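**Student:** Take this structure, written in structure tokens, and hold onto it; I'll ask about it next.
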Amino acid sequence: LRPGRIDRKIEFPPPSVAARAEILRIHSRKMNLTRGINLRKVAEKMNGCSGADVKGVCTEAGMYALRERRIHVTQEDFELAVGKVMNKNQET
Amino acid sequence: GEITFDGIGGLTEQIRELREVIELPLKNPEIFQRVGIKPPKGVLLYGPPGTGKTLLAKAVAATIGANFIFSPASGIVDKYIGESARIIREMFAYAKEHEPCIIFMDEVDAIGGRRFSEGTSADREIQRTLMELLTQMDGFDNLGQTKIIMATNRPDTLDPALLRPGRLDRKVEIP
Amino acid sequence: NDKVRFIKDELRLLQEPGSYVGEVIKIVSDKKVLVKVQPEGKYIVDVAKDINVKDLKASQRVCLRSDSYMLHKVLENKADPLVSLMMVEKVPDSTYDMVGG
Amino acid sequence: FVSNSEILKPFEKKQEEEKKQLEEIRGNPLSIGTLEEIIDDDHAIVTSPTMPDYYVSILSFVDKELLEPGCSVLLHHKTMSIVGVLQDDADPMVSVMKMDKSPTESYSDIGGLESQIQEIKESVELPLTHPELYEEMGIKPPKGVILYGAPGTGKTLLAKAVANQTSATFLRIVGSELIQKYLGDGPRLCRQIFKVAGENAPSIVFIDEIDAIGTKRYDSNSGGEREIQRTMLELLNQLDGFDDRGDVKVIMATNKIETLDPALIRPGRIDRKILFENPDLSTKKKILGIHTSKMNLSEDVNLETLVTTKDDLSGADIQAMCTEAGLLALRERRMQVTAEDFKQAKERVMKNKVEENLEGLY
Amino acid sequence: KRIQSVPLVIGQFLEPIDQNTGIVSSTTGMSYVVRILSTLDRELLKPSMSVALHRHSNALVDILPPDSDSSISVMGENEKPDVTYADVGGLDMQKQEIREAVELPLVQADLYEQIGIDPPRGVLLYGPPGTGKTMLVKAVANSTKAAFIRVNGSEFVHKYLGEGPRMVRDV
């Protein structure tokens with residue numbers, strides 16, 4: 001670390017209520033959802049998921065739709081993936 | 001062997017304990033049918049080598065009346081383009097032909113160390129060739145005739161997969 | 001007439017075991033050419049009357065005789081895959097909005 | 001040409017015929033082997049991935065100097081006897097080595113350090129272009145130089161300017177990668193660098209920040225890690241065991257070489273000591289003033305205002321204060337930087353890398 | 001085509017060049033450029049399937065059918081497996097992917113298009129074998145009951161040139 005070998009070390013913002021809808025406003029394009037999906041309201045029910053884990057929660061949402069074998073994913077299937085993903089993060 | 005009963009023996013509980021999982025499938029395997037379990041091949045020997053340990057093969061297995069094929073670890077090395085475990089695969093052809101066949105691995109600590117650092121040179125293939133030996137305890141081969149006997153000097157980093165309570169059962173200490 | 005004759009031509013042309021293909025690192029002024037064979041080492045060979053040393057680009061797939069190893073003609077160009085693992089990506093899948101913040 | 005008539009007449013007659021004799025000993029596989037050893041009976045040793053077995057005898061076109069133990073040569077088409085030799089060029093297969101380039105360097109930004117600048121020039125740049133004064137005097141000049149302190153502050157930047165002042169071949173070798181977890185890779189690659197480059201006289205090898213090697217303590221060889229102490233043992237052979245004529249020059253610039261130093265330096269092969277010095281009022285003006293030669297800023301701001309009261313800001317600290325204050329003014333697309341960016345750039349540099357031991361009085 | 005006949009030498013495909021002219025890799029590691037027979041079907045070529053060559057002339061003989069399968073790599077199927085999937089429980093929470101990650105994409109491929117997430121293509125399982133890790137693998141053939149290939153590569157790749165590449169392709 002030198003003045004002009006490395007100029008500044010950029011710090012990223014921590015996750016928050018508005019930061020949990022980060023991936024929700026983008027990945028939802030290629031992923032099938034409904035119009036009753038509120039990206040900001042559903043994010044309020046989650047925790048510790050911003051960039052990486054929201055992609056995993058949306059991935060687990062597709063696995064839940066395979067049991068019902070439907071073409072849509074509603075807010076009911078989101079709560080099942082909120083606690084399951086956090087169980088793997090709390091390990092170790 | 002040309003030798004009579006155990007001269008290194010004298011322990012009635014442990015020596016006869018090995019014969020129960022051997023002579024049972026040889027005549028009537030009707031006990032494991034009602035229980036509904038696979039016949040145990042597990043035999044493990046840990047302690048000082050050659051003393052009450054090594055000679056059990058040329059003694060106990062000699063009186064069973066079964067095929068005894070000595071399997072040295074220094075003969076399967078094949079320093080140049082190693083065939084290794086692929087040699088042992090051709091040996092099981094006698095087990096399918098002759099049912100009373102016994103295979104004895106003699107004092108092998110060489111495959112024991114798993115090398116957590118993985119900085120080896122010629123030993124990386126050894127952990128690789130060992131996985132083919134695990135296939136005989138895993139895959140399509142199911143017999144109950146050929147017995148699994150592996151000996152080691154010390155309970156060091158030795159591979160826990162081969163230590164499975166299905167793969168290795170009877171553990172005979174040398175007290 | 002150019003079909004059955006091509007059938008009989010397959011008898012004489014296939015009498016040899018085949019041809020070799022290698023990469024050309026450089027050329028010389030002796031009317032020879034250096035071709036690097038893939039399974040073997042580097043070999044300096046001779047071209048034919050249909051190609052010169054000025055038109056030979058570095059690292060090009062050509063044709064080589066079996067016993068004589070003479071260069072017949074240029075078959076293909078440099079291989080499409082580069083090095084071993086190339087992760088270089090221009091204009092990746094992330095353009096404007098992928099990861100926020 | 002004139003001789004193309006008279007002298008060329010008894011020339012080309014034997015020039016074309018010998019080429020046909022070459023085609024008899026060449027053909028066009030031109031197999032490339034490797035010559036392991038030269039035999040006074042003119043016999044060679046073939047090498048190839050196909051494992052060749054040949055008694056081949058050394059033919060003409062090659063001499064004892066051209067034939068080399070382990071460099072590629074050309075072979076006969078059938079008998080596979082040695083014919084020619086491969087010419088080496090481009091980048092060898094040894095470790096990382098620079099070839100040549102001409103940098104643009106001089107003494108400008110490091111101005112004010114001339115007290116220690118003219119010292120290193122005496123033992124480095126002067127005994128290069130003028131190979132004299134050692135015949136009349138008879139004292140061998142030192143080999144390399146050793147610098148310990150904060151690099152990039154103008155102490156190491158001094159070595160970057162000397163590299164161009166030599167007007168000759170400059171070499172830069174990496175001293176980091178030797179610390180690899182493998183045992184024995186250190187002394188190998190280091191010997192092949194100076195042995196192959198011994199043909200070109202100028203070298204001046206520079207190495208930066210070796211914190212690993214040099215573990216000795218009470219004995220010469222301890223029971224410590226072998227990834228470290230044995231790698232240094234190769235440097236003893238270059239600076240002491242096997243000494244050149246003054247071609248190879250080793251330069252090492254690190255933080256603190258104290259414990260590192262007397263396993264290597266030796267009494268009199270390399271004599272240099274250069275440490276980072278706190279600049280005075282005169283040195284700080286030459287460092288900051290020359291940086292502004294091409295820089296433009298507000299004419300109402302003096303460059304010596306912050307020079308009076310400041311804490312240990314070297315040329316490296318100023319390099320960022322010029323860039324940090326420049327990027328803020330460039331956002332408005334202006335070549336001049338205001339006064340507010342001058343003090344703003346000094347704080348974040350002083351509040352990060354610059355920290356004292358809080359030792360007062362004394 | 002009959003000039004070739006019985007002396008078949010197994011080759012390998014490399015890359016096309018010209019109509020009825022191409023290079024054919026050989027199992028010995030020496031590539032040969034031979035004239036492709038006009039009778040041969042040129043839409044069946046892949047950089048996998050082996051071909052037939054000659055002993056002396058080393059000329060391409062015949063494009064091999066789908067029966068070109070070589071048992072040197074032990075190519076076969078599973079006949080009447082043993083371990084049953086329904087008997088081993090307790091992992092059902094994590095075993096929900098048995099039919100979802102295997103039989104689901106092979107039957108209904110339109111469900112992943114109606115979702116928009118990548119299907120479970122790459123599958124990796126790490127842990128001690130024989131403890132129910134491998135017992136689940138043998139249980140896949142029971143729920144499937146179709147062509148099943150279980151081959152453990154360890155030393156299955158050759159330590160010398162050319163038998164390794166046999167296992168690298170055609171499998």
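Residue names in the structure tokens use chain letters A, B, ... in the order shown, residue numbers from 1 in each chain, and ligand numbers from 1 in the order shown.
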Set the distance at 10 Å and use only C-alpha atoms: which residues neighbour residue 74 (chain B) once local chain neighbours fewer than 4 positions away are removed? I'd like the list as a PyMOL selection string.

**Tutor:** chain B and resi 78-79+108+110

**Student:** Output N, CA, C and O atoms for every residue in the selection just made, as a compact mmCIF listing (two decimals), in the first residue's frame.

**Tutor:**
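Below you can see part37.txt, which holds the result:
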# COMPACT_ATOMS: atom_id res chain seq x y z
N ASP B 78 5.02 -51.68 -9.59
CA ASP B 78 5.20 -51.51 -11.04
C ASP B 78 5.73 -50.10 -11.34
O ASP B 78 5.02 -49.22 -11.84
N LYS B 79 7.01 -49.92 -11.01
CA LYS B 79 7.64 -48.61 -11.07
C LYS B 79 7.50 -47.94 -12.43
O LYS B 79 7.45 -46.71 -12.52
N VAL B 108 0.72 -53.35 5.14
CA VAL B 108 0.77 -52.22 4.22
C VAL B 108 0.45 -50.96 5.01
O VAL B 108 -0.71 -50.71 5.36
N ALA B 110 1.90 -48.27 3.45
CA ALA B 110 2.31 -47.38 2.37
C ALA B 110 1.13 -46.57 1.85
O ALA B 110 1.27 -45.37 1.56

**Student:** Which residues of chain A come within 7 Å of chain C, and what is each one's closest atom pair and distance in Å (one decimal), counting only C-alpha atoms, sorted by chain and residue number, as JSON lines?

**Tutor:**
{"residue": "A:22", "atom": "CA", "partner": "C:100", "partner_atom": "CA", "distance": 5.4}
{"residue": "A:23", "atom": "CA", "partner": "C:99", "partner_atom": "CA", "distance": 6.4}
{"residue": "A:26", "atom": "CA", "partner": "C:98", "partner_atom": "CA", "distance": 6.2}
{"residue": "A:51", "atom": "CA", "partner": "C:99", "partner_atom": "CA", "distance": 6.6}

**Student:** Tell me, counting only C-alpha atoms, for each residue of chain D within 12 Å of chain B, which pair of atoms is nearest and how far apart they are in Å to one decimal, in rows ordered by chain and increasing number, as a Markdown table.

**Tutor:**
| residue | atom | partner | partner_atom | distance |
| --- | --- | --- | --- | --- |
| D:181 | CA | B:119 | CA | 9.1 |
| D:182 | CA | B:119 | CA | 8.4 |
| D:183 | CA | B:119 | CA | 10.7 |

**Student:** Rank nothing, just name the residue among D:107, D:202, D:137, D:212 nearest to residue 162 (chain D), using only C-alpha atoms.

**Tutor:**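 The closest residue to residue 162 (chain D) is D:107.
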
**Student:** I'd like the neighbourhood of residue 3 (chain C) as a list in words, where a residue qualifies if any of its atoms comes within 12 Å (using only C-alpha atoms), though same-chain residues fewer than 6 positions away should be ignored.

**Tutor:**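 These residues fall inside the cut-off: residues 9 and 10 of chain C; 20, 37, 38 and 39 of chain E.
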
**Student:** Take the selection from the previous step and output its residues with C-alpha atoms, as a compact mmCIF listing (two decimals), in the first residue's frame.

**Tutor:**
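That gives us again-v2.txt:
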# COMPACT_ATOMS: atom_id res chain seq x y z
CA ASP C 9 -7.28 -42.81 -58.37
CA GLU C 10 -8.02 -43.83 -54.77
CA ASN E 20 -13.20 -36.85 -50.07
CA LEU E 37 -14.22 -42.82 -49.64
CA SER E 38 -17.13 -41.30 -51.55
CA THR E 39 -19.42 -44.14 -50.42

**Student:** When DSSP is applied to the backbone of this structure, which of region 14-56 of chain B are assigned strand (DSSP E)? Write them out as a PyMOL selection string.

**Tutor:** chain B and resi 42-46

**Student:** Given the selection you just returned, output its residues as a file containing C-alpha atoms, formatted as an mmCIF file, in the first residue's frame.

**Tutor:**
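Below is the file that was written, out_23.cif:
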data_model
loop_
_atom_site.group_PDB
_atom_site.id
_atom_site.type_symbol
_atom_site.label_atom_id
_atom_site.label_comp_id
_atom_site.auth_asym_id
_atom_site.auth_seq_id
_atom_site.Cartn_x
_atom_site.Cartn_y
_atom_site.Cartn_z
ATOM 1 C CA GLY B 42 -14.020 -56.900 7.752
ATOM 2 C CA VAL B 43 -10.739 -57.942 9.392
ATOM 3 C CA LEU B 44 -8.272 -55.395 10.791
ATOM 4 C CA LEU B 45 -4.872 -55.986 12.400
ATOM 5 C CA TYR B 46 -3.042 -53.224 14.274
#

**Student:** Residues at most 6 Å from region 39-48 of chain C, counting only C-alpha atoms, excluding those fewer than 2 positions away in the same chain, as an MDAnalysis selection string?

**Tutor:** (chainID C and resid 32:37 50:51 70:72) or (chainID D and resid 28:31)

**Student:** Would you output that residue set with C-alpha atoms, as a PDB file, in the first residue's frame?

**Tutor:**
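Written output follows (again14.pdb):
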ATOM      1  CA  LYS C  32      13.376 -25.212 -46.844  1.00  0.00           C
ATOM      2  CA  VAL C  33      10.879 -24.599 -44.042  1.00  0.00           C
ATOM      3  CA  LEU C  34      10.750 -25.434 -40.331  1.00  0.00           C
ATOM      4  CA  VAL C  35       7.589 -27.333 -39.362  1.00  0.00           C
ATOM      5  CA  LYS C  36       6.862 -28.295 -35.751  1.00  0.00           C
ATOM      6  CA  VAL C  37       5.149 -31.690 -35.626  1.00  0.00           C
ATOM      7  CA  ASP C  50       3.024 -24.318 -55.655  1.00  0.00           C
ATOM      8  CA  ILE C  51       4.088 -22.320 -52.570  1.00  0.00           C
ATOM      9  CA  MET C  70       8.083 -32.803 -48.005  1.00  0.00           C
ATOM     10  CA  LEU C  71       5.604 -29.939 -47.701  1.00  0.00           C
ATOM     11  CA  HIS C  72       2.874 -30.349 -50.336  1.00  0.00           C
TER      12      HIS C  72
ATOM     13  CA  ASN D  28      14.535 -32.732 -45.724  1.00  0.00           C
ATOM     14  CA  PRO D  29      13.530 -34.179 -42.392  1.00  0.00           C
ATOM     15  CA  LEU D  30      16.328 -32.169 -40.781  1.00  0.00           C
ATOM     16  CA  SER D  31      15.761 -33.943 -37.467  1.00  0.00           C
TER      17      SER D  31
END

**Student:** Ranking E:116, E:122, E:105, E:127 by minimum distance to residue 27 (chain A) and counting only C-alpha atoms, which one comes first?

**Tutor:**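 Of all the options, E:116 lies closest to residue 27 (chain A).
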
**Student:** Between CA of residue 169 (chain E) and CA of residue 5 (chain E), what is the spacing in Å?

**Tutor:**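 Computing the Euclidean distance for CA of residue 5 (chain E) and CA of residue 169 (chain E) yields 25.7 Å.
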
**Student:** Would you list the contacts of residue 66 (chain A) as a list in words, taking every protein, DNA or RNA residue within 10 Å and counting only C-alpha atoms, but skipping same-chain residues closer than 2 positions in sequence?

**Tutor:**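 Answer for this query is residues 61, 62, 63, 64, 68, 69, 70, 71 and 73 of chain A; 100, 104, 111, 112 and 115 of chain E.
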
**Student:** Would you save the residues of that selection, restricted to C-alpha atoms, as a PDB file, in the first residue's frame?

**Tutor:**
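Writing done, so here's again_10.pdb:
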ATOM      1  CA  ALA A  61     -37.808 -20.613  -5.391  1.00  0.00           C
ATOM      2  CA  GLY A  62     -37.634 -22.514  -8.678  1.00  0.00           C
ATOM      3  CA  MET A  63     -37.177 -25.802  -6.829  1.00  0.00           C
ATOM      4  CA  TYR A  64     -40.354 -25.172  -4.816  1.00  0.00           C
ATOM      5  CA  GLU A  68     -46.505 -27.790  -7.437  1.00  0.00           C
ATOM      6  CA  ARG A  69     -45.516 -28.212 -11.120  1.00  0.00           C
ATOM      7  CA  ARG A  70     -46.922 -24.784 -12.014  1.00  0.00           C
ATOM      8  CA  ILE A  71     -45.577 -22.053 -14.292  1.00  0.00           C
ATOM      9  CA  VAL A  73     -43.916 -18.490  -8.358  1.00  0.00           C
TER      10      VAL A  73
ATOM     11  CA  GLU E 100     -35.890 -33.351  -9.827  1.00  0.00           C
ATOM     12  CA  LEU E 104     -37.254 -34.232 -14.448  1.00  0.00           C
ATOM     13  CA  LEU E 111     -40.675 -26.529 -16.818  1.00  0.00           C
ATOM     14  CA  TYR E 112     -37.209 -24.961 -16.646  1.00  0.00           C
ATOM     15  CA  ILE E 115     -39.130 -20.789 -14.457  1.00  0.00           C
TER      16      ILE E 115
END

**Student:** Could you list, as a PyMOL selection string, every residue of chain A that has an atom within 6 Å of an atom of chain E, counting only C-alpha atoms?

**Tutor:** chain A and resi 30-32+71

**Student:** Create the file for the chosen residues now, containing C-alpha atoms and written as a tab-separated table (two decimals), in the first residue's frame.

**Tutor:**
chain	number	residue	atom	x	y	z
A	30	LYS	CA	-35.17	-13.71	-16.81
A	31	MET	CA	-37.00	-15.48	-13.95
A	32	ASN	CA	-40.74	-16.09	-14.13
A	71	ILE	CA	-45.58	-22.05	-14.29

**Student:** Taking into account only C-alpha atoms, which residue in the set C:29, C:77, C:60, C:52 is nearest to chain E?

**Tutor:**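 Using only C-alpha atoms, the shortest distance to chain E belongs to C:77.
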
**Student:** So how far away is CA of residue 276 (chain D) from CA of residue 314 (chain D), in Å?

**Tutor:**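 CA of residue 276 (chain D) lies 9.5 Å from CA of residue 314 (chain D).
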
**Student:** Find the nearest atom pair between each residue of chain D and chain C for residues within 12 Å, count only C-alpha atoms, give distances in Å to one decimal, sort rows by chain and ascending number, and present the table as CSV.

**Tutor:**
residue,atom,partner,partner_atom,distance
D:19,CA,C:30,CA,10.0
D:22,CA,C:30,CA,11.2
D:23,CA,C:30,CA,10.9
D:26,CA,C:44,CA,10.0
D:27,CA,C:45,CA,8.2
D:28,CA,C:45,CA,4.6
D:29,CA,C:45,CA,5.4
D:30,CA,C:44,CA,5.0
D:31,CA,C:43,CA,5.3
D:32,CA,C:42,CA,6.1
D:33,CA,C:41,CA,8.3
D:34,CA,C:41,CA,11.0
D:47,CA,C:41,CA,10.4
D:48,CA,C:41,CA,7.3
D:49,CA,C:40,CA,6.9
D:50,CA,C:40,CA,7.6
D:51,CA,C:40,CA,11.1
D:72,CA,C:42,CA,10.3
D:73,CA,C:42,CA,10.9
D:74,CA,C:43,CA,9.0
D:75,CA,C:43,CA,9.8
D:76,CA,C:43,CA,11.5
D:77,CA,C:68,CA,9.2
D:78,CA,C:68,CA,10.6
D:84,CA,C:44,CA,11.4
D:86,CA,C:42,CA,10.8

**Student:** What are the closest atom pairs, with distances in Å to one decimal, for each residue of chain E lying within 7 Å of chain C, using only C-alpha atoms, rows by chain and rising residue number, as a Markdown table?

**Tutor:**
| residue | atom | partner | partner_atom | distance |
| --- | --- | --- | --- | --- |
| E:17 | CA | C:75 | CA | 6.9 |
| E:29 | CA | C:39 | CA | 6.8 |
| E:31 | CA | C:20 | CA | 6.1 |
| E:32 | CA | C:18 | CA | 4.1 |
| E:33 | CA | C:19 | CA | 4.6 |
| E:34 | CA | C:18 | CA | 5.5 |
| E:35 | CA | C:10 | CA | 6.9 |
| E:56 | CA | C:17 | CA | 6.8 |
| E:57 | CA | C:17 | CA | 4.8 |
| E:58 | CA | C:17 | CA | 4.7 |
| E:59 | CA | C:14 | CA | 5.9 |

**Student:** Would you kindly return, as a PyMOL selection string, each protein, DNA or RNA residue with an atom no farther than 12 Å from any atom of residue 93 (chain B), considering only C-alpha atoms and excluding same-chain residues fewer than 5 positions away?

**Tutor:** chain B and resi 87-88+98-99+101+141+143+146

**Student:** Residues within 9 Å of region 115-126 of chain D, please, as a PyMOL selection string. Count only C-alpha atoms; anything in the same chain fewer than 6 positions from it doesn't count.

**Tutor:** chain D and resi 107+141-145+155+158-159+162-163+165-166+204+249+271-272+274

**Student:** Please find the residues of chain E near chain B - the criterion being any atom within 9 Å, counting only C-alpha atoms - and write them as a list in words.

**Tutor:**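 Every residue of chain E that passes the 9 Å test is in residues 128, 129, 130, 131, 134, 138, 150, 152, 153, 154, 155, 156, 158, 159 and 160 of chain E.
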
**Student:** When DSSP works through the backbone of this structure, what residues of chain C end up as helix (DSSP H, G or I), shown as a PyMOL selection string?

**Tutor:** chain C and resi 4-13

**Student:** Write a file of the just-selected residues containing N, CA, C and O atoms, as a PDB file, in the first residue's frame.

**Tutor:**
ATOM      1  N   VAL C   4     -15.696 -42.504 -61.815  1.00  0.00           N
ATOM      2  CA  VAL C   4     -15.047 -43.813 -61.816  1.00  0.00           C
ATOM      3  C   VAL C   4     -13.535 -43.665 -61.914  1.00  0.00           C
ATOM      4  O   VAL C   4     -12.784 -44.476 -61.356  1.00  0.00           O
ATOM      5  N   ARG C   5     -13.058 -42.629 -62.610  1.00  0.00           N
ATOM      6  CA  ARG C   5     -11.622 -42.369 -62.644  1.00  0.00           C
ATOM      7  C   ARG C   5     -11.112 -41.946 -61.272  1.00  0.00           C
ATOM      8  O   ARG C   5     -10.027 -42.364 -60.851  1.00  0.00           O
ATOM      9  N   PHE C   6     -11.883 -41.119 -60.560  1.00  0.00           N
ATOM     10  CA  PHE C   6     -11.527 -40.775 -59.188  1.00  0.00           C
ATOM     11  C   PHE C   6     -11.575 -41.998 -58.283  1.00  0.00           C
ATOM     12  O   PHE C   6     -10.853 -42.060 -57.281  1.00  0.00           O
ATOM     13  N   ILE C   7     -12.419 -42.976 -58.616  1.00  0.00           N
ATOM     14  CA  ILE C   7     -12.448 -44.228 -57.866  1.00  0.00           C
ATOM     15  C   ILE C   7     -11.132 -44.977 -58.039  1.00  0.00           C
ATOM     16  O   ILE C   7     -10.534 -45.452 -57.065  1.00  0.00           O
ATOM     17  N   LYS C   8     -10.660 -45.093 -59.283  1.00  0.00           N
ATOM     18  CA  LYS C   8      -9.390 -45.765 -59.534  1.00  0.00           C
ATOM     19  C   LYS C   8      -8.211 -44.955 -59.011  1.00  0.00           C
ATOM     20  O   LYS C   8      -7.165 -45.529 -58.688  1.00  0.00           O
ATOM     21  N   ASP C   9      -8.357 -43.631 -58.923  1.00  0.00           N
ATOM     22  CA  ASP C   9      -7.284 -42.809 -58.374  1.00  0.00           C
ATOM     23  C   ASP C   9      -7.097 -43.055 -56.882  1.00  0.00           C
ATOM     24  O   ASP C   9      -6.004 -42.828 -56.352  1.00  0.00           O
ATOM     25  N   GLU C  10      -8.143 -43.516 -56.192  1.00  0.00           N
ATOM     26  CA  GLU C  10      -8.022 -43.825 -54.773  1.00  0.00           C
ATOM     27  C   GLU C  10      -7.102 -45.012 -54.518  1.00  0.00           C
ATOM     28  O   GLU C  10      -6.607 -45.165 -53.397  1.00  0.00           O
ATOM     29  N   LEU C  11      -6.863 -45.853 -55.525  1.00  0.00           N
ATOM     30  CA  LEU C  11      -5.958 -46.982 -55.340  1.00  0.00           C
ATOM     31  C   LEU C  11      -4.508 -46.522 -55.263  1.00  0.00           C
ATOM     32  O   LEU C  11      -3.752 -46.974 -54.396  1.00  0.00           O
ATOM     33  N   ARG C  12      -4.102 -45.620 -56.158  1.00  0.00           N
ATOM     34  CA  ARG C  12      -2.713 -45.176 -56.194  1.00  0.00           C
ATOM     35  C   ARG C  12      -2.418 -44.137 -55.117  1.00  0.00           C
ATOM     36  O   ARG C  12      -1.326 -44.136 -54.537  1.00  0.00           O
ATOM     37  N   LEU C  13      -3.373 -43.247 -54.837  1.00  0.00           N
ATOM     38  CA  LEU C  13      -3.119 -42.169 -53.886  1.00  0.00           C
ATOM     39  C   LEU C  13      -3.065 -42.673 -52.449  1.00  0.00           C
ATOM     40  O   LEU C  13      -2.422 -42.046 -51.600  1.00  0.00           O
TER      41      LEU C  13
END

**Student:** Quick one: pull the distance between CA of residue 95 (chain D) and CA of residue 117 (chain B), Å, one decimal.

**Tutor:**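 Separation of CA of residue 95 (chain D) and CA of residue 117 (chain B): 25.7 Å.
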